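Source file model_35.tsv; content: TSV, C-alpha atoms.
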chain	number	residue	atom	x	y	z
A	371	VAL	CA	-15.16	-3.75	52.45
A	372	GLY	CA	-18.33	-4.94	50.73
A	373	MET	CA	-19.21	-1.53	49.29
A	374	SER	CA	-15.65	-0.90	48.11
A	375	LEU	CA	-15.43	-4.31	46.44
A	376	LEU	CA	-18.77	-3.85	44.69
A	377	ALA	CA	-17.73	-0.42	43.42
A	378	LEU	CA	-14.45	-1.80	42.06
A	379	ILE	CA	-16.25	-4.69	40.35
A	380	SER	CA	-18.75	-2.35	38.70
A	381	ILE	CA	-16.10	0.09	37.47
A	382	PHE	CA	-13.99	-2.76	36.08
A	383	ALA	CA	-17.02	-4.18	34.28
A	384	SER	CA	-17.85	-0.83	32.70
A	385	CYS	CA	-14.25	-0.27	31.59
A	386	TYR	CA	-14.12	-3.76	30.07
A	387	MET	CA	-17.36	-3.10	28.22
A	388	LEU	CA	-15.97	0.13	26.77
A	389	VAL	CA	-12.78	-1.60	25.62
A	390	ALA	CA	-14.72	-4.49	24.08
A	391	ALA	CA	-17.08	-2.11	22.28
A	392	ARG	CA	-14.09	-0.20	20.89
A	393	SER	CA	-12.48	-3.42	19.67
A	394	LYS	CA	-15.73	-4.62	18.11
A	395	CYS	CA	-16.25	-1.30	16.31
A	396	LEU	CA	-12.69	-1.03	14.98
A	397	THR	CA	-12.08	-4.71	14.17
A	398	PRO	CA	-13.29	-4.64	10.51
A	399	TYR	CA	-10.94	-1.78	9.60
A	400	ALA	CA	-7.83	-3.92	10.10
A	401	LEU	CA	-9.15	-6.58	7.69
A	402	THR	CA	-9.06	-4.15	4.74
A	403	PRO	CA	-6.22	-2.05	3.28
A	404	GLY	CA	-8.42	1.02	3.78
A	405	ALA	CA	-8.64	4.25	5.75
A	406	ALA	CA	-9.70	4.63	9.37
A	407	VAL	CA	-12.23	7.49	8.99
A	408	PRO	CA	-10.54	10.30	11.03
A	409	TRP	CA	-14.03	11.30	12.18
A	410	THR	CA	-14.24	7.93	13.96
A	411	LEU	CA	-10.53	8.01	14.82
A	412	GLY	CA	-10.99	11.16	16.90
A	413	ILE	CA	-13.84	9.75	18.98
A	414	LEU	CA	-12.55	6.15	19.06
A	415	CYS	CA	-8.84	6.10	19.83
A	416	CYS	CA	-6.90	3.29	18.15
A	417	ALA	CA	-3.33	2.02	18.21
A	418	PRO	CA	-2.43	3.38	14.72
A	419	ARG	CA	-1.92	7.06	15.51
A	420	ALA	CA	-0.51	8.31	12.20
A	421	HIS	CA	0.24	5.22	10.10
A	422	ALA	CA	-2.72	3.71	8.21
B	107	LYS	CA	-0.45	-16.69	-20.47
B	108	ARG	CA	-2.97	-15.82	-17.76
B	109	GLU	CA	-2.44	-19.21	-16.12
B	110	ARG	CA	1.34	-18.72	-15.95
B	111	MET	CA	0.97	-15.22	-14.49
B	112	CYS	CA	-1.55	-16.43	-11.91
B	113	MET	CA	0.69	-19.34	-10.90
B	114	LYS	CA	3.70	-17.02	-10.64
B	115	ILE	CA	1.76	-14.70	-8.33
B	116	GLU	CA	0.50	-17.70	-6.35
B	117	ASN	CA	4.05	-19.00	-5.88
B	118	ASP	CA	5.28	-15.72	-4.37
B	119	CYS	CA	2.13	-14.82	-2.41
B	120	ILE	CA	0.78	-18.08	-0.90
B	121	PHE	CA	2.21	-20.08	2.00
B	122	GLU	CA	1.03	-23.41	3.37
B	123	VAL	CA	0.04	-23.73	7.03
B	124	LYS	CA	1.61	-26.67	8.87
B	125	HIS	CA	-0.24	-28.37	11.72
B	126	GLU	CA	0.62	-31.83	13.09
B	127	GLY	CA	2.56	-32.48	9.89
B	128	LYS	CA	-0.51	-32.16	7.65
B	129	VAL	CA	-1.56	-29.15	5.59
B	130	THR	CA	-4.72	-27.44	6.82
B	131	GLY	CA	-4.84	-24.16	4.91
B	132	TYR	CA	-2.98	-21.38	3.15
B	133	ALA	CA	-1.98	-17.86	4.17
B	134	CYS	CA	-1.81	-15.29	1.38
B	135	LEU	CA	-0.30	-11.80	1.24
B	136	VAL	CA	-2.86	-9.29	-0.07
B	137	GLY	CA	-2.02	-5.60	-0.17
B	138	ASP	CA	-0.08	-5.09	3.06
B	139	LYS	CA	-1.94	-7.55	5.31
B	140	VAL	CA	-1.31	-11.22	6.05
B	141	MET	CA	-4.47	-13.26	5.48
B	142	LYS	CA	-5.67	-16.45	7.15
B	143	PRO	CA	-9.12	-17.88	7.93
B	144	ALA	CA	-9.65	-18.10	11.66
B	145	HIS	CA	-11.24	-21.56	11.84
B	146	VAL	CA	-8.18	-23.09	10.16
B	147	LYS	CA	-5.66	-23.91	12.89
B	148	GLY	CA	-1.91	-24.25	12.53
B	149	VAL	CA	1.27	-22.25	12.02
B	150	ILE	CA	2.61	-20.57	8.89
B	151	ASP	CA	5.44	-22.48	7.21
B	152	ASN	CA	7.60	-19.36	7.38
B	153	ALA	CA	9.81	-18.11	10.20
B	154	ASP	CA	9.16	-14.41	9.55
B	155	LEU	CA	5.38	-14.74	9.19
B	156	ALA	CA	5.07	-16.97	12.27
B	157	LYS	CA	6.00	-14.26	14.80
B	158	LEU	CA	3.47	-11.62	13.73
B	159	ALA	CA	0.65	-10.64	16.07
B	160	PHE	CA	-2.72	-11.58	14.59
B	161	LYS	CA	-5.96	-9.66	15.10
B	162	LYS	CA	-8.80	-12.19	15.30
B	163	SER	CA	-12.46	-11.56	14.50
B	164	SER	CA	-14.80	-14.55	14.65
B	165	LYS	CA	-17.67	-12.58	13.09
B	166	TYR	CA	-15.93	-12.73	9.70
B	167	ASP	CA	-13.79	-15.84	10.40
B	168	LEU	CA	-10.55	-14.08	9.46
B	169	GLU	CA	-7.22	-13.33	11.12
B	170	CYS	CA	-5.03	-10.53	9.77
B	171	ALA	CA	-1.68	-8.95	10.57
B	172	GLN	CA	0.64	-6.34	9.11
B	173	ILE	CA	3.15	-7.85	6.69
B	174	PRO	CA	6.86	-7.27	7.37
B	175	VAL	CA	8.64	-4.56	5.43
B	176	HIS	CA	10.84	-6.88	3.36
B	177	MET	CA	7.93	-8.92	1.94
B	178	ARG	CA	5.95	-5.91	0.72
B	179	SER	CA	7.14	-6.33	-2.89
B	180	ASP	CA	6.16	-10.03	-2.96
B	181	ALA	CA	2.46	-9.46	-2.21
B	182	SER	CA	-0.54	-9.42	-4.51
B	183	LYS	CA	-2.66	-6.41	-5.46
B	184	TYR	CA	-6.39	-6.30	-4.77
B	185	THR	CA	-9.63	-4.77	-6.02
B	186	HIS	CA	-13.24	-4.35	-4.92
B	187	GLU	CA	-15.05	-4.51	-8.28
B	188	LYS	CA	-16.98	-7.69	-9.12
B	189	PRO	CA	-18.57	-7.47	-12.57
B	190	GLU	CA	-20.63	-10.42	-13.72
B	191	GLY	CA	-18.73	-13.11	-15.58
B	192	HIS	CA	-15.95	-15.59	-14.86
B	193	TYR	CA	-12.88	-15.47	-12.62
B	194	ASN	CA	-9.71	-17.51	-12.40
B	195	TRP	CA	-8.73	-19.91	-9.62
B	196	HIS	CA	-6.03	-22.42	-8.78
B	197	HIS	CA	-8.59	-25.22	-9.32
B	198	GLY	CA	-9.95	-23.88	-12.60
B	199	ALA	CA	-12.58	-21.24	-13.33
B	200	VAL	CA	-15.30	-19.94	-11.00
B	201	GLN	CA	-18.71	-18.68	-12.13
B	202	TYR	CA	-19.85	-15.41	-10.54
B	203	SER	CA	-23.58	-14.97	-11.14
B	204	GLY	CA	-26.13	-13.06	-9.07
B	205	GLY	CA	-23.69	-12.28	-6.28
B	206	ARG	CA	-22.73	-15.95	-5.93
B	207	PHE	CA	-19.45	-17.80	-6.41
B	208	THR	CA	-20.05	-21.25	-7.88
B	209	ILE	CA	-17.69	-24.17	-8.59
B	210	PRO	CA	-18.67	-25.83	-11.90
B	211	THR	CA	-17.08	-29.18	-11.08
B	212	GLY	CA	-17.51	-29.41	-7.32
B	213	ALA	CA	-13.79	-30.21	-7.10
B	214	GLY	CA	-13.18	-28.42	-3.81
B	215	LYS	CA	-11.41	-30.42	-1.11
B	216	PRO	CA	-11.06	-29.80	2.64
B	217	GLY	CA	-7.74	-28.23	3.54
B	218	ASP	CA	-7.79	-25.90	0.52
B	219	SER	CA	-9.21	-22.98	2.50
B	220	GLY	CA	-7.21	-19.78	2.14
B	221	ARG	CA	-6.68	-19.90	-1.63
B	222	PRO	CA	-7.54	-16.49	-3.13
B	223	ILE	CA	-9.87	-16.13	-6.09
B	224	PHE	CA	-8.20	-13.98	-8.74
B	225	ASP	CA	-9.47	-11.41	-11.22
B	226	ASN	CA	-8.91	-11.34	-14.98
B	227	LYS	CA	-6.00	-8.91	-14.48
B	228	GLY	CA	-4.38	-10.98	-11.73
B	229	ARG	CA	-5.85	-8.97	-8.86
B	230	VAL	CA	-7.39	-10.70	-5.84
B	231	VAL	CA	-11.14	-10.42	-5.31
B	232	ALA	CA	-12.00	-12.69	-2.38
B	233	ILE	CA	-10.75	-15.43	-0.06
B	234	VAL	CA	-12.49	-18.82	0.07
B	235	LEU	CA	-13.60	-20.50	3.30
B	236	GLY	CA	-15.80	-23.47	2.37
B	237	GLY	CA	-18.27	-24.81	-0.14
B	238	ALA	CA	-21.91	-25.87	-0.15
B	239	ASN	CA	-22.93	-28.77	-2.39
B	240	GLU	CA	-25.81	-27.58	-4.60
B	241	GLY	CA	-26.50	-30.51	-6.90
B	242	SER	CA	-23.70	-30.88	-9.43
B	243	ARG	CA	-22.37	-27.42	-8.52
B	244	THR	CA	-20.78	-26.19	-5.29
B	245	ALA	CA	-21.40	-22.64	-4.10
B	246	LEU	CA	-18.50	-20.98	-2.29
B	247	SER	CA	-18.72	-19.53	1.22
B	248	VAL	CA	-16.23	-16.74	0.65
B	249	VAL	CA	-14.95	-13.56	2.34
B	250	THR	CA	-15.20	-10.63	-0.07
B	251	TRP	CA	-14.73	-6.85	0.11
B	252	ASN	CA	-16.69	-3.67	-0.40
B	253	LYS	CA	-14.98	-0.31	-0.91
B	254	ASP	CA	-13.82	-0.35	2.73
B	255	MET	CA	-15.93	-3.09	4.38
B	256	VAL	CA	-15.39	-6.82	4.67
B	257	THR	CA	-18.48	-8.92	4.05
B	258	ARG	CA	-18.79	-12.65	4.68
B	259	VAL	CA	-21.03	-14.42	2.17
B	260	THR	CA	-22.24	-17.85	3.33
B	261	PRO	CA	-24.74	-19.88	1.29
B	262	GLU	CA	-27.01	-22.25	3.16
B	263	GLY	CA	-25.44	-25.60	3.96
B	264	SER	CA	-21.82	-24.49	3.60
B	265	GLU	CA	-19.17	-26.73	5.17
B	266	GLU	CA	-15.92	-25.19	6.39
B	267	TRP	CA	-13.15	-26.81	4.35
C	107	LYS	CA	12.85	11.87	-27.29
C	108	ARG	CA	11.09	11.80	-23.92
C	109	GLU	CA	14.35	10.91	-22.15
C	110	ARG	CA	16.24	13.71	-23.92
C	111	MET	CA	13.57	16.28	-23.07
C	112	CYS	CA	13.49	15.10	-19.45
C	113	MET	CA	17.26	15.36	-19.04
C	114	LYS	CA	17.29	18.78	-20.72
C	115	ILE	CA	14.59	19.94	-18.29
C	116	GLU	CA	16.53	18.47	-15.36
C	117	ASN	CA	19.66	20.36	-16.43
C	118	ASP	CA	17.82	23.70	-16.46
C	119	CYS	CA	15.87	23.06	-13.24
C	120	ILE	CA	18.32	21.42	-10.81
C	121	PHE	CA	21.10	23.08	-8.81
C	122	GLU	CA	23.55	21.02	-6.78
C	123	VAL	CA	23.86	21.55	-3.03
C	124	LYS	CA	27.34	20.83	-1.70
C	125	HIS	CA	28.52	20.51	1.90
C	126	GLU	CA	32.22	20.37	2.82
C	127	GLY	CA	32.93	20.26	-0.91
C	128	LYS	CA	30.78	17.18	-1.63
C	129	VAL	CA	27.23	17.22	-2.97
C	130	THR	CA	24.49	16.06	-0.60
C	131	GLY	CA	21.20	17.09	-2.23
C	132	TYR	CA	19.52	18.98	-5.03
C	133	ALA	CA	17.20	21.99	-5.02
C	134	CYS	CA	14.78	22.24	-7.93
C	135	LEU	CA	12.58	24.98	-9.38
C	136	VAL	CA	8.91	24.05	-9.71
C	137	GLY	CA	6.42	26.61	-10.96
C	138	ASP	CA	7.57	29.84	-9.32
C	139	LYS	CA	9.04	28.55	-6.05
C	140	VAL	CA	12.44	27.15	-5.07
C	141	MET	CA	11.96	23.80	-3.34
C	142	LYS	CA	14.58	21.87	-1.38
C	143	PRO	CA	14.30	19.04	1.14
C	144	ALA	CA	14.75	20.38	4.64
C	145	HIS	CA	16.67	17.42	6.07
C	146	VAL	CA	19.60	17.84	3.67
C	147	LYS	CA	22.25	20.33	4.76
C	148	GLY	CA	24.44	22.55	2.62
C	149	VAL	CA	24.31	25.58	0.35
C	150	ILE	CA	23.08	25.96	-3.22
C	151	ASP	CA	25.67	26.49	-5.96
C	152	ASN	CA	24.01	29.72	-7.04
C	153	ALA	CA	24.54	33.29	-5.85
C	154	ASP	CA	20.92	34.28	-6.41
C	155	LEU	CA	19.40	31.17	-4.82
C	156	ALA	CA	21.71	30.98	-1.80
C	157	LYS	CA	20.78	34.50	-0.66
C	158	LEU	CA	17.02	33.95	-0.47
C	159	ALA	CA	15.07	33.56	2.77
C	160	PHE	CA	14.02	29.91	2.98
C	161	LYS	CA	10.77	29.26	4.83
C	162	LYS	CA	11.08	26.24	7.13
C	163	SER	CA	8.61	23.52	8.05
C	164	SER	CA	9.50	20.31	9.86
C	165	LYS	CA	6.18	18.53	9.34
C	166	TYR	CA	6.66	18.25	5.57
C	167	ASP	CA	10.49	18.25	5.71
C	168	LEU	CA	10.57	20.90	3.01
C	169	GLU	CA	12.12	24.33	2.44
C	170	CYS	CA	10.45	26.77	0.06
C	171	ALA	CA	11.21	30.24	-1.26
C	172	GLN	CA	10.10	32.59	-4.02
C	173	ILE	CA	12.23	32.60	-7.18
C	174	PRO	CA	13.52	35.88	-8.64
C	175	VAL	CA	11.99	37.22	-11.83
C	176	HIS	CA	14.89	36.39	-14.16
C	177	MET	CA	14.70	32.63	-13.54
C	178	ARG	CA	10.94	32.32	-14.06
C	179	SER	CA	11.44	31.18	-17.66
C	180	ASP	CA	13.89	28.53	-16.38
C	181	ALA	CA	11.41	26.75	-14.11
C	182	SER	CA	9.44	23.56	-14.66
C	183	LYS	CA	5.67	23.40	-15.05
C	184	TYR	CA	3.77	21.69	-12.24
C	185	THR	CA	0.63	19.57	-11.99
C	186	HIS	CA	-1.50	17.75	-9.43
C	187	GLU	CA	-2.93	14.79	-11.37
C	188	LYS	CA	-1.46	11.36	-10.58
C	189	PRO	CA	-2.82	8.67	-12.90
C	190	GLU	CA	-1.73	5.08	-12.33
C	191	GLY	CA	1.17	3.85	-14.44
C	192	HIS	CA	4.75	4.84	-15.26
C	193	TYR	CA	6.63	8.09	-14.71
C	194	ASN	CA	10.09	9.23	-15.69
C	195	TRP	CA	13.02	9.70	-13.33
C	196	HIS	CA	16.71	10.57	-13.48
C	197	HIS	CA	17.81	7.01	-12.64
C	198	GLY	CA	15.21	5.31	-14.82
C	199	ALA	CA	11.43	4.95	-14.81
C	200	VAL	CA	9.27	4.96	-11.68
C	201	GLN	CA	6.07	2.97	-11.20
C	202	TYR	CA	2.93	4.34	-9.55
C	203	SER	CA	0.81	1.48	-8.20
C	204	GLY	CA	-1.64	1.62	-5.31
C	205	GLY	CA	-0.83	5.09	-4.02
C	206	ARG	CA	2.90	4.35	-3.83
C	207	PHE	CA	5.98	5.38	-5.79
C	208	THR	CA	8.34	2.43	-6.20
C	209	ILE	CA	11.76	2.01	-7.80
C	210	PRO	CA	11.98	-1.05	-10.10
C	211	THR	CA	15.78	-1.01	-9.91
C	212	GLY	CA	16.17	-0.64	-6.16
C	213	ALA	CA	19.36	1.32	-6.85
C	214	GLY	CA	18.47	4.32	-4.68
C	215	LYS	CA	21.54	5.84	-3.04
C	216	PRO	CA	22.06	8.59	-0.46
C	217	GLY	CA	22.65	11.95	-2.11
C	218	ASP	CA	19.86	11.75	-4.70
C	219	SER	CA	17.31	13.55	-2.51
C	220	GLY	CA	15.37	16.43	-4.05
C	221	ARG	CA	15.30	15.20	-7.65
C	222	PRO	CA	11.82	15.78	-9.12
C	223	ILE	CA	9.73	12.87	-10.37
C	224	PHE	CA	8.58	13.70	-13.88
C	225	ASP	CA	5.40	13.02	-15.84
C	226	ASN	CA	4.85	11.98	-19.45
C	227	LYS	CA	4.55	15.57	-20.68
C	228	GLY	CA	7.50	16.75	-18.59
C	229	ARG	CA	5.35	17.97	-15.70
C	230	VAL	CA	6.63	17.49	-12.16
C	231	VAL	CA	4.61	15.19	-9.91
C	232	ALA	CA	6.46	14.87	-6.60
C	233	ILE	CA	9.86	15.32	-4.94
C	234	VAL	CA	12.10	12.51	-3.69
C	235	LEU	CA	13.19	12.48	-0.05
C	236	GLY	CA	14.01	8.85	0.73
C	237	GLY	CA	12.99	5.26	0.24
C	238	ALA	CA	12.36	2.03	2.11
C	239	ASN	CA	13.98	-1.28	1.11
C	240	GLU	CA	11.18	-3.58	-0.07
C	241	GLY	CA	13.56	-6.42	-0.82
C	242	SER	CA	14.10	-6.20	-4.58
C	243	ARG	CA	12.08	-2.95	-4.76
C	244	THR	CA	12.04	0.28	-2.77
C	245	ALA	CA	8.99	2.32	-1.78
C	246	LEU	CA	9.75	6.04	-2.09
C	247	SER	CA	8.96	8.58	0.62
C	248	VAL	CA	7.98	11.53	-1.57
C	249	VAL	CA	6.30	14.92	-1.18
C	250	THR	CA	3.43	15.56	-3.58
C	251	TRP	CA	0.82	18.26	-4.08
C	252	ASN	CA	-2.95	18.03	-3.97
C	253	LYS	CA	-5.16	20.54	-5.79
C	254	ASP	CA	-4.16	23.19	-3.23
C	255	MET	CA	-2.41	21.24	-0.46
C	256	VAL	CA	0.95	19.63	0.25
C	257	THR	CA	1.07	16.10	1.63
C	258	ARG	CA	3.91	13.81	2.67
C	259	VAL	CA	3.76	10.07	1.97
C	260	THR	CA	6.29	8.05	3.99
C	261	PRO	CA	6.24	4.25	3.81
C	262	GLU	CA	7.30	2.40	6.93
C	263	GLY	CA	11.02	1.86	7.42
C	264	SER	CA	12.06	4.61	5.01
C	265	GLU	CA	15.53	6.13	5.25
C	266	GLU	CA	16.40	9.70	4.30
C	267	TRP	CA	18.88	9.84	1.42
Structure translated into structure tokens:
Amino acid sequence: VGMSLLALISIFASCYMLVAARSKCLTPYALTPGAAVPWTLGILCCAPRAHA
Amino acid sequence: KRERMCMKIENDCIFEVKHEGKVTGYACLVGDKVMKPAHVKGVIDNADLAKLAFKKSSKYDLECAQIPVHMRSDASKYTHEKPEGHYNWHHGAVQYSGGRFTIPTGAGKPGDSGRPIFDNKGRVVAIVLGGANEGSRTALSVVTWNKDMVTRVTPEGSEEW
Amino acid sequence: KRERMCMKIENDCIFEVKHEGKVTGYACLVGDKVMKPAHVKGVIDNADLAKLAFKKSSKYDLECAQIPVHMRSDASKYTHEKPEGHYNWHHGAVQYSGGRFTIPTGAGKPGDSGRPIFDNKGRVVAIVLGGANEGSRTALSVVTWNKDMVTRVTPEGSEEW
């Protein structure tokens, strides 16, 4: 039980860190009426798939 | 002529924010994005604009959302060029010198955050947050734009209006 | 002058497409290729045009074909430059502002799809597919050309006419 719980905690922490890093990298692009840099769009998936 | 055009744009593109019955700030429609400073708290005095989902970023102190389809024609147009000179404002004229926005009279008042600073052609350049009292003048802590980047300019001693 | 030339060009470079006896769209000659919106259904009121093999593509919602030799002198002249400002149209004048084609009148009606959007010198800029109701205005969903590429610009909420 201890090992399983620790593994789940670590994997959740890593997933949260990835999501937060994505949000922090793509936050400034929704504060401008500009383009999303398809180069960055491919690597960093965002909610706008085709629009904007 | 320029004053009338600027006021006409301001009537159709600026909305007061209501909180506890007292005005705290303004939300403006620039391009296709709703604008609002983050530190200003309240709700937009508009049923349609109140239900939008806002993306918050405390690094730049701004909250933005996608404007509804039926208000797209009643929104201002923007630019990213800032030549040296003077620019219009609802409270008069602002002096732009050396990358700084300065209020000649120091007439800024708390609760006026969210009022865009306009260009000579009626385009929006930046969104004000607060002002720092430098002697008889008052420098503006303002949120401006590069070609595709937002930058937050904050002079020392700025107070969030 | 400009209006008369534009309507004379439109007469020589537009053929009505009728379905069940009623017109639903228009196919126009640009350069050396017959262009028609793909979403519209019907047949062209022309023996030579109706018999051609129309290449299909759903991504750009466009049908294209090669014109015969004896209608080459009856085809418009194309271009790829899109300066900001005003352009001619069959139902008035269209405004190009901020990468968008908008209708000042907001009188767009189903059945006008496929009409070219004309330039100052009579050159064709884009092709009309549909528009989105921006309150008093309408943003057009049009198909334009780059230097060597086709692109489709569709504002949110657009309806096919």
Could you pull the residues within 7 Å of range 398-408 of chain A, counting all atoms listed in the file, minus those fewer than 2 positions along the same chain, as a VMD selection string?
-> (chain A and resid 396 410 to 412 422) or (chain B and resid 137 to 138 170 254 to 256)
Go ahead and compute the interatomic distance for CA of residue 262 in chain C and CA of residue 154 in chain B, in Å to one decimal.
->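 Straight-line distance from CA of residue 262 in chain C to CA of residue 154 in chain B works out to 17.1 Å.
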Any idea what's packed within 10 Å of residue 267 in chain B, counting all atoms listed in the file, ignoring anything in its chain fewer than 6 positions away? Could you give it as a list in words?
->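 Skipping anything fewer than 6 positions along the chain leaves residues 130, 131, 145, 146, 214, 215, 216, 217, 218, 219, 220, 234, 235, 236, 237, 238 and 247 of chain B.
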After a least-squares superposition of chain C on chain B over all Cα atoms matched in order, what is the RMSD to one decimal?
->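 Across all paired C-alpha atoms, the RMSD is 0.4 Å.
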With a cut-off of 12 Å, could you pull out the residues of chain C touching chain A and give me the nearest pair of atoms for each, distance in Å to one decimal, using only C-alpha atoms, ordered by chain and ascending number, as a Markdown table?
| residue | atom | partner | partner_atom | distance |
| --- | --- | --- | --- | --- |
| C:204 | CA | A:403 | CA | 10.4 |
| C:205 | CA | A:403 | CA | 11.5 |
| C:258 | CA | A:420 | CA | 11.9 |
| C:259 | CA | A:421 | CA | 10.1 |
| C:260 | CA | A:421 | CA | 9.1 |
| C:261 | CA | A:421 | CA | 8.7 |
| C:262 | CA | A:421 | CA | 8.2 |
| C:263 | CA | A:421 | CA | 11.6 |
Pull out every residue of chain C that has at least one atom within 8 Å of chain B, counting all atoms listed in the file, and report them as JSON, numbers by chain.
-> {"C": [239, 240, 241, 242, 243, 262, 263]}
Those residues you just picked out, can you put them in a file as a CSV table (one decimal), keeping the file's coordinate frame with C-alpha atoms?
chain,number,residue,atom,x,y,z
C,239,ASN,CA,14.0,-1.3,1.1
C,240,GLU,CA,11.2,-3.6,-0.1
C,241,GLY,CA,13.6,-6.4,-0.8
C,242,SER,CA,14.1,-6.2,-4.6
C,243,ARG,CA,12.1,-3.0,-4.8
C,262,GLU,CA,7.3,2.4,6.9
C,263,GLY,CA,11.0,1.9,7.4
Between CA of residue 211 in chain C and CA of residue 245 in chain C - distance in Å to one decimal =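 Going from CA of residue 245 in chain C over to CA of residue 211 in chain C covers 11.1 Å.
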Distance query residue 221 in chain B at most 10 Å, only C-alpha atoms, self and fewer than 4 positions along chain excluded, as a ChimeraX atom specification | /B:116,120-122,131-134,141-142,195-197,217,232-235
Any idea what the distance is between CA of residue 181 in chain B and CA of residue 186 in chain C?
->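 Between CA of residue 181 in chain B and CA of residue 186 in chain C the gap works out to 28.4 Å.
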Distance query residue 200 in chain B at most 12 Å, only C-alpha atoms, self and fewer than 2 positions along chain excluded, as a PDB file with C-alpha atoms, in the coordinates of the input:
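The result, written out as selection_7.pdb:
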ATOM      1  CA  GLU B 190     -20.630 -10.420 -13.720  1.00  0.00           C
ATOM      2  CA  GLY B 191     -18.730 -13.110 -15.580  1.00  0.00           C
ATOM      3  CA  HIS B 192     -15.950 -15.590 -14.860  1.00  0.00           C
ATOM      4  CA  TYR B 193     -12.880 -15.470 -12.620  1.00  0.00           C
ATOM      5  CA  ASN B 194      -9.710 -17.510 -12.400  1.00  0.00           C
ATOM      6  CA  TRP B 195      -8.730 -19.910  -9.620  1.00  0.00           C
ATOM      7  CA  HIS B 196      -6.030 -22.420  -8.780  1.00  0.00           C
ATOM      8  CA  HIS B 197      -8.590 -25.220  -9.320  1.00  0.00           C
ATOM      9  CA  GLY B 198      -9.950 -23.880 -12.600  1.00  0.00           C
ATOM     10  CA  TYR B 202     -19.850 -15.410 -10.540  1.00  0.00           C
ATOM     11  CA  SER B 203     -23.580 -14.970 -11.140  1.00  0.00           C
ATOM     12  CA  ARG B 206     -22.730 -15.950  -5.930  1.00  0.00           C
ATOM     13  CA  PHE B 207     -19.450 -17.800  -6.410  1.00  0.00           C
ATOM     14  CA  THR B 208     -20.050 -21.250  -7.880  1.00  0.00           C
ATOM     15  CA  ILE B 209     -17.690 -24.170  -8.590  1.00  0.00           C
ATOM     16  CA  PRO B 210     -18.670 -25.830 -11.900  1.00  0.00           C
ATOM     17  CA  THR B 211     -17.080 -29.180 -11.080  1.00  0.00           C
ATOM     18  CA  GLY B 212     -17.510 -29.410  -7.320  1.00  0.00           C
ATOM     19  CA  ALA B 213     -13.790 -30.210  -7.100  1.00  0.00           C
ATOM     20  CA  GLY B 214     -13.180 -28.420  -3.810  1.00  0.00           C
ATOM     21  CA  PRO B 222      -7.540 -16.490  -3.130  1.00  0.00           C
ATOM     22  CA  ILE B 223      -9.870 -16.130  -6.090  1.00  0.00           C
ATOM     23  CA  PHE B 224      -8.200 -13.980  -8.740  1.00  0.00           C
ATOM     24  CA  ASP B 225      -9.470 -11.410 -11.220  1.00  0.00           C
ATOM     25  CA  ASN B 226      -8.910 -11.340 -14.980  1.00  0.00           C
ATOM     26  CA  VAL B 231     -11.140 -10.420  -5.310  1.00  0.00           C
ATOM     27  CA  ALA B 232     -12.000 -12.690  -2.380  1.00  0.00           C
ATOM     28  CA  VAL B 234     -12.490 -18.820   0.070  1.00  0.00           C
ATOM     29  CA  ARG B 243     -22.370 -27.420  -8.520  1.00  0.00           C
ATOM     30  CA  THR B 244     -20.780 -26.190  -5.290  1.00  0.00           C
ATOM     31  CA  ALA B 245     -21.400 -22.640  -4.100  1.00  0.00           C
ATOM     32  CA  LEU B 246     -18.500 -20.980  -2.290  1.00  0.00           C
TER      33      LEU B 246
END
Adding 8 Å on each side of the box along x, y and z that holds all listed atoms of range 141-147 of chain C, could you give its centre and edge lengths in Å to one decimal, as JSON?
{"center_x": 17.1, "center_y": 20.6, "center_z": 1.4, "size_x": 26.3, "size_y": 22.4, "size_z": 25.4}
Have a look at B:129, B:182, B:162, B:149 and name the one nearest to residue 114 in chain B; count all atoms listed in the file.
-> B:182
